[PDB]
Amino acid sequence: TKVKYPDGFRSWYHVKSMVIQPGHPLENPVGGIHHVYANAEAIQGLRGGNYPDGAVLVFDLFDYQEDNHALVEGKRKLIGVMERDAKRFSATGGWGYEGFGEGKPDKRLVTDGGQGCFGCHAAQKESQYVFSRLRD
């Protein structure tokens, strides 16, 4: 019933990135530069295959600094983690949702079984609750 810390996620496939700056509706709490990562099982789902149990997607969120017409990555703020288990995470559409403050395994963030996470992700039912699209 708990999402595993995704050890070694930084070596996985980089799906995409986006910057959320002040003024964006989502500045609280996903303000910053984020990078999405996918393990091999998640790549199968992202390609248009189905997501096997053990698929993991990571939302890696950094603070940034303005440095002379550059946004430079600062400290990690958190990671979001989606872990596929159709049975064990059936209450949240077959994905377990967890956050780790500063990406630390000991700073688990989710208190409601991931219902809040699932609430936003539910809009994406038709793409198996995943916003991110594989790009070249």
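Residue indices: 1-based, along the sequence shown.
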Legend entry - 119 to 127 or 17 to 25, whichever carries the higher mean Cα B-factor: 119 to 127
Inset, instruction - Give the stretch, out of 74 to 82 and 46 to 54, with the larger mean C-alpha temperature factor in the deposited entry. - result: 46 to 54
Legend entry - Residue with highest C-alpha B-factor in the PDB entry, from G32, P105, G93, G99: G93
Legend entry - Ranked against its chain, the third holding the CA B-factor of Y64: middle
